[PDB]
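K.L.:
Pasting a structure here, questions to come.
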Amino acid sequence: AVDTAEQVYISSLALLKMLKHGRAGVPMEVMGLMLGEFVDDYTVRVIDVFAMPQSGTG
Amino acid sequence: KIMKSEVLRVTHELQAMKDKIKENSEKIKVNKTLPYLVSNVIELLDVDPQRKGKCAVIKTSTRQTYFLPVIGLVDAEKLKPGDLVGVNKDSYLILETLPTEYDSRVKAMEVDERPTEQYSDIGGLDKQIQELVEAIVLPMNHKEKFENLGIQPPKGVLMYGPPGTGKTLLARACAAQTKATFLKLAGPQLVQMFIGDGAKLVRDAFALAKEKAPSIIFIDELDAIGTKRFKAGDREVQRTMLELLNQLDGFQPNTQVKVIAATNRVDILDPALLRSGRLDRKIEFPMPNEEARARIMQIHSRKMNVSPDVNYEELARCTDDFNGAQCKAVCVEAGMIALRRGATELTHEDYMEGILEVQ
Amino acid sequence: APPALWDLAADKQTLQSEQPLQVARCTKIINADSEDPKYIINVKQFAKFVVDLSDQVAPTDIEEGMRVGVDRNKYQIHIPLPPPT
């Protein structure tokens, strides 16, 4: 039972990938996966972000 | 054979294509799974000046109009102004088009799979019913021979004669031999309160005959609406009727399911009912004589315990100027009071008892 | 308030029971059935819908023009219901 103060680091990679993914953000539900490395407890860094093929289920 | 050794690479590329079509062909099931709503389609050809012009007008069930071109898979019976088409959530594309009904009051007019009675229930009519039995058996199984001889079966047969002769249960008895889907339709059903209903009923009849599997559509009481008047309601029945004749005259692909008709009287004979597709087969069905009435009454009464001492002379004398369904009512009435007569065996007085009972 | 006391104390499990039974698509009634997978349905808002049958309802329990419960997220028929004066 312990909690810290975390903060999500956002570079321009994930940002621009979410902007192109937002351009491909059709009303149909879309999927994506974020990557990165966990260095400590209260920090998180994202580097690699890609898109996923759409499906009828969403 | 050194020049033919490059075919192996081509076959490897083709089988590689068959190996790689499983994924992009596999997503067809997850993308084309279920159209969530129903949207009406109206065909409207556009022009772009490939860059070819092709578009269509869409109308959703919620009264919302959108824009989309003609898209989807290979279309053969599509491109018509119909309903019940495939559509996704918001992409509004056409994926699976299937023709739809509604107004079920006309769609479910007479939903009959097959009847019980057969052609072997009557007696003394083979010389005139054999042409119809041929005209329903040979166009169903001998379609192969129709190309060697170049034969197209007629679509309009006029089963006319005095009423009460059984022109409905007998055509249904032959419809049991057709093995196809039987669909009745009444003449007065075309006369409706609202305007333009007869067009929807006729285009509905050719919508289920044209769209559905090979079936059998038998109509009756056509003479009750086939009046050639010179406002008037029978002139509205001339709009709907002449519309049907226009669909039996201007449609060369009408080689599909036949339309069998029967009139209870030929007093008002429409002269425009003469054509290969129209009512050309005019086989006269007169009132059966006492011999023929004893035949159809004997085969229709071969199930009840009838006394063997029947010479048919008394019933042959009592049956004067009668019809088929009248003797059927005499048989049914005999099967009705013969129960309460105590004797389980049918007596001979029950014939005249029924004749004088119902008539 | 006395009737709402025991039910107010019995309202705790209504939060863990709120996730199920939440489905309600205005009880849309069907019209006909061309094939067993796809069923043509029409909602009271004059919007005709089509959805496949779920695994919780048997196909033999479907009647022509029958008001039954149906999901508004998966669009499937979760559970039917028996119901003029």
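Letters for chains follow the order of the structure tokens (A, B, ...), residue numbers begin at 1 for each chain, and ligand numbers begin at 1 in the order shown.
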Any idea what's packed within 8 Å of segment 8-21 of chain A, counting only C-alpha atoms, ignoring anything in its chain fewer than 2 positions away? Could you give it as a list in words?

P.N.:
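Surrounding residues, per the criterion: residues 6, 23, 24, 25, 34, 43, 44, 45, 46, 47, 48, 49, 50 and 51 of chain A.
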
K.L.:
Convert the current residue selection to file output with C-alpha atoms, as a PDB file, in the first residue's frame.

P.N.:
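Once everything was written out, this is part.pdb:
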ATOM      1  CA  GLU A   6       3.681  10.119 -11.417  1.00  0.00           C
ATOM      2  CA  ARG A  23      -6.349  12.420 -38.978  1.00  0.00           C
ATOM      3  CA  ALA A  24      -7.095   8.708 -39.407  1.00  0.00           C
ATOM      4  CA  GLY A  25      -9.417   8.996 -36.397  1.00  0.00           C
ATOM      5  CA  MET A  34       2.261   2.879 -26.662  1.00  0.00           C
ATOM      6  CA  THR A  43       8.207   8.654 -14.074  1.00  0.00           C
ATOM      7  CA  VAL A  44       7.111   7.156 -17.396  1.00  0.00           C
ATOM      8  CA  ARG A  45       8.510   7.922 -20.858  1.00  0.00           C
ATOM      9  CA  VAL A  46       6.920   7.077 -24.218  1.00  0.00           C
ATOM     10  CA  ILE A  47       9.061   6.732 -27.346  1.00  0.00           C
ATOM     11  CA  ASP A  48       7.461   4.315 -29.829  1.00  0.00           C
ATOM     12  CA  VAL A  49       3.821   4.702 -30.890  1.00  0.00           C
ATOM     13  CA  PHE A  50       2.141   2.913 -33.805  1.00  0.00           C
ATOM     14  CA  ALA A  51      -1.389   2.311 -35.066  1.00  0.00           C
TER      15      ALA A  51
END

K.L.:
For chain B, list the residues within 7 Å of chain A, counting only C-alpha atoms, and write the list as a PyMOL selection string.

P.N.:
chain B and resi 30-31+90

K.L.:
Output C-alpha atoms for every residue in that selection, as a PDB file, in the first residue's frame.

P.N.:
ATOM      1  CA  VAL B  30     -15.192  -8.960 -39.510  1.00  0.00           C
ATOM      2  CA  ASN B  31     -15.886  -5.842 -41.610  1.00  0.00           C
ATOM      3  CA  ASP B  90     -20.786   5.912 -39.851  1.00  0.00           C
TER       4      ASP B  90
END

K.L.:
Skip residue 288 of chain B itself and residues of its chain fewer than 3 positions away, then list as a ChimeraX atom specification all residues within 9 Å of it, counting only C-alpha atoms.

P.N.:
/B:124,165,285,291-293,321-324

K.L.:
Just give me the gap between atom CA of residue 204 of chain B and atom CA of residue 170 of chain B in Å, one decimal is fine.

P.N.:
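So the two atoms, atom CA of residue 204 of chain B and atom CA of residue 170 of chain B, lie 25.2 Å apart.
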
K.L.:
Within 6 Å of segment 58-71 of chain C, counting only C-alpha atoms, which residues qualify if same-chain residues fewer than 4 places away don't, as a list in words?

P.N.:
residues 23, 24, 25, 27, 29, 30, 31, 32, 75, 76, 77, 78, 79, 80 and 81 of chain C

K.L.:
Do me a favour and pick out the residues of chain B within 10 Å of chain C, using only C-alpha atoms, as a list in words.

P.N.:
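Result, ordered by chain then number: residues 33, 34, 35, 36, 37, 38, 39, 60, 61, 62, 63, 84, 86, 100, 101, 102 and 104 of chain B.
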
K.L.:
Between atom CA of residue 135 of chain B and atom CA of residue 117 of chain B, measure the distance and give it in Å to one decimal.

P.N.:
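We find that atom CA of residue 135 of chain B and atom CA of residue 117 of chain B lie 18.8 Å from each other.
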
K.L.:
If you run DSSP on the backbone, which residues of chain A are strand (DSSP E or B), as an MDAnalysis selection string?

P.N.:
chainID A and resid 7:9 31:37 43:52

K.L.:
May I have the residues from that selection written out with N, CA and C atoms, as a short mmCIF file (atom, residue, chain, number, x, y, z; two decimals), in the first residue's frame?

P.N.:
data_model
loop_
_atom_site.label_atom_id
_atom_site.label_comp_id
_atom_site.auth_asym_id
_atom_site.auth_seq_id
_atom_site.Cartn_x
_atom_site.Cartn_y
_atom_site.Cartn_z
N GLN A 7 4.15 11.30 -13.47
CA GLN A 7 3.94 12.29 -14.52
C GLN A 7 4.36 11.68 -15.85
N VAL A 8 3.52 11.82 -16.86
CA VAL A 8 3.72 11.17 -18.15
C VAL A 8 4.54 12.08 -19.05
N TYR A 9 5.71 11.61 -19.46
CA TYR A 9 6.54 12.34 -20.40
C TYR A 9 6.03 12.11 -21.82
N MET A 31 -7.59 1.54 -32.64
CA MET A 31 -6.75 0.93 -31.62
C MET A 31 -5.30 1.37 -31.81
N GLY A 32 -4.59 1.48 -30.69
CA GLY A 32 -3.18 1.85 -30.72
C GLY A 32 -2.47 1.34 -29.49
N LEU A 33 -1.15 1.28 -29.58
CA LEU A 33 -0.31 0.77 -28.51
C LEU A 33 0.88 1.69 -28.29
N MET A 34 1.13 2.04 -27.04
CA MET A 34 2.26 2.88 -26.66
C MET A 34 3.39 2.02 -26.10
N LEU A 35 4.62 2.46 -26.34
CA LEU A 35 5.82 1.77 -25.88
C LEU A 35 6.69 2.74 -25.08
N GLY A 36 7.71 2.19 -24.45
CA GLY A 36 8.63 3.01 -23.67
C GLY A 36 9.43 2.14 -22.71
N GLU A 37 10.03 2.80 -21.73
CA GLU A 37 10.86 2.14 -20.74
C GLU A 37 10.56 2.70 -19.36
N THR A 43 8.03 8.08 -12.75
CA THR A 43 8.21 8.65 -14.07
C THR A 43 7.93 7.59 -15.13
N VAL A 44 7.41 8.03 -16.27
CA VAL A 44 7.11 7.16 -17.40
C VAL A 44 7.38 7.93 -18.68
N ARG A 45 8.10 7.30 -19.61
CA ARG A 45 8.51 7.92 -20.86
C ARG A 45 8.03 7.08 -22.03
N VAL A 46 7.39 7.73 -23.01
CA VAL A 46 6.92 7.08 -24.22
C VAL A 46 7.83 7.47 -25.38
N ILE A 47 8.19 6.49 -26.20
CA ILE A 47 9.06 6.73 -27.35
C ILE A 47 8.41 6.22 -28.63
N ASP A 48 8.00 4.96 -28.64
CA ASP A 48 7.46 4.32 -29.83
C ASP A 48 5.94 4.25 -29.74
N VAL A 49 5.28 4.71 -30.80
CA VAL A 49 3.82 4.70 -30.89
C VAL A 49 3.44 4.37 -32.32
N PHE A 50 2.62 3.33 -32.50
CA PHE A 50 2.14 2.91 -33.80
C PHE A 50 0.63 2.74 -33.76
N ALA A 51 0.05 2.49 -34.93
CA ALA A 51 -1.39 2.31 -35.07
C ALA A 51 -1.73 0.84 -35.27
N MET A 52 -3.02 0.54 -35.16
CA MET A 52 -3.54 -0.81 -35.31
C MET A 52 -4.64 -0.83 -36.35
#

K.L.:
Can you tell me, as a list in words, what residues are no more than 8 Å from residue 93 of chain B when counting only C-alpha atoms, ignoring any on the same chain fewer than 5 positions away?

P.N.:
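Skipping anything fewer than 5 positions along the chain leaves residues 68, 71, 72, 86, 87 and 88 of chain B.
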
K.L.:
So what do you get for atom CA of residue 221 of chain B versus atom CA of residue 186 of chain B, distance-wise?

P.N.:
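Separation of atom CA of residue 221 of chain B and atom CA of residue 186 of chain B: 6.5 Å.
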